[PDB]
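Note sheet for the following structure.
Derivation of every value follows stated rules applied to the coordinates shown; laboratory data play no part. Here the Cβ is made from the backbone with ideal geometry for all residues, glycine too, and neighbour counts use every protein chain on show.
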Amino acid sequence: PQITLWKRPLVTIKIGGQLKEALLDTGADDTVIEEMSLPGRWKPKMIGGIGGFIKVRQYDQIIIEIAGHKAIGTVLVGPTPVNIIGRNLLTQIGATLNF
Amino acid sequence: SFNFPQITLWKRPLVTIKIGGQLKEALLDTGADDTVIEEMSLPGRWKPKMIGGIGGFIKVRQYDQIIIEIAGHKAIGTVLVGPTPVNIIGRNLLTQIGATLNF
Ligand SMILES: CC(C)(C)NC(=O)[C@@H]1C[C@@H]2CCCC[C@@H]2CN1C[C@@H](O)[C@H](Cc1ccccc1)NC(=O)[C@H](CC(N)=O)NC(=O)c1ccc2ccccc2n1
Ligand SMILES: [Cl-]
Ligand SMILES: [Cl-]
């Protein structure tokens, strides 16, 4: 619960019965995780980053545990190089950025 | 506090920065290794670099030892200049203003 930024802020997540590592990312609007199957229905979405846009699958109301905190919300699945926890779920677990 | 704000993440964590004499808005971004600013003029030597993120890579100019004011806090470090859609303050400078994640 107090994470400095001299290293990447990586945490463990539990999603679709798997443990994975993910990046706590205040610069991401959305949560984007590498290809895997999830227990739900999806719809298409386009999202942008540095370097253009990618197609992802949008899964709503997904149960995901981040550093032991449970969230239930939208997870995007697509060709990201790193699993990213964005503000939609950072807010659910009560994360803040402090000076 | 006003001098050391606790920033909630309901909205994008945007702040005012001053760089190269100019005021700009930038994103405080714990998920970025580097600080990347839109095309602008900076002094000194630079070297070309490729940096990547979600969509792929962009070519930037790397400048070292740049002074930047971030929400009124002084930080010095490398700044990459290039075709980023959003100015972002990455971990190399967030550490210099004592930023932490808390939950
Ligand atoms: C994740 C998504 C919802 C698409 N949002 C974003 O990606 C938004 C888009 C915004 C507008 C365009 C400019 C970027 C800002 C902030 N970003 C969030 C932002 O936090 C984003 C998230 C991220 C992390 C790691 C890998 C990829 C993507 N970081 C980045 O784009 C930074 C840029 C940099 N410093 O070089 N990338 C990295 O720090 C980084 C780290 C490891 C990597 C490994 C392999 C390939 C690329 C890698 N890039
Ligand atoms: Cl959500
Ligand atoms: Cl630096």
Given the conditions (1) in contact with an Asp or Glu (Cβ under 7 Å, 6 or more places away or on another chain); (2) over 26 Å from A:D30 (Cβ atoms), report the number of the one that B:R45 does not fulfil.
(1)
Filter region B:66-76 down to the residues that are part of a strand (DSSP E or B) and buried (at least 19 other Cβ atoms within 10 Å of the Cβ) and list them by number.
B:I66, B:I68, B:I70, B:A75
Looking only at region B:86-103, filter to residues that are more than 11 Å from ligand 3 (Cβ to nearest atom) and in a loop (DSSP other than H, G, I, E, B); which one of those is surrounded by the fewest Cβ atoms within 10 Å (Cβ to Cβ)?
B:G98
In region B:24-36, residues that are part of a loop (DSSP other than H, G, I, E, B) and more than 7 Å from every other protein chain (Cβ to nearest Cβ) total 3
Suppose the filter is within 16 Å of ligand 3 (Cβ to nearest atom) and in contact with a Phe, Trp or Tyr (Cβ under 9 Å, 6 or more places away or on another chain); does B:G55 pass it?
no
Select from region B:59-99 the residues that are acidic (D, E) and in contact (Cβ under 8 Å) with a residue 40 or more places away in the chain and list them in ascending order.
B:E69
Can you go through B:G82, B:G44, B:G55, B:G21 and tell me which one is surrounded by fewer than 20 Cβ atoms within 10 Å (Cβ to Cβ), within 12 Å of another protein chain (Cβ to nearest Cβ) and out of contact with any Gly (no Cβ under 9 Å at 6 or more places or on another chain)?
B:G82
I'm told A:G40 meets every condition in (1) away from ligand 1 (no atom under 15 Å from the Cβ); (2) part of a strand (DSSP E or B) except one. Can you identify the failing condition by its number?
(2)
Between residues in region A:4-26 that are in contact (Cβ under 8 Å) with a residue 60 or more places away in the chain and residues that are of a type in the set (S, T, Y) and part of a strand (DSSP E or B), which pairs lie under 8 Å by C-beta distance while being six or more apart or on different chains?
A:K20/A:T12; A:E21/A:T12; A:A22/A:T12
The lone condition B:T8 fails out of (1) surrounded by 15 or more Cβ atoms within 10 Å (Cβ to Cβ); (2) within 16 Å of ligand 2 (Cβ to nearest atom) is (1)
Condition test on A:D60, is it touching a strand residue (DSSP E or B) at 6+ places or on another chain (Cβ under 8 Å) and either hydrophobic (A, V, I, L, M, F, W, C) or under 23 Å from B:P13 (Cβ atoms) (or both)?
no
Any pair with Cβ under 7 angstrom, 6 or more apart, that starts in region B:38-58 at a residue that is of a type outside the set (K, R) and ends at one that is surrounded by fewer than 14 Cβ atoms within 10 Å (Cβ to Cβ) and assigned to a loop (DSSP other than H, G, I, E, B)
B:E39/B:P83; B:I58/B:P83
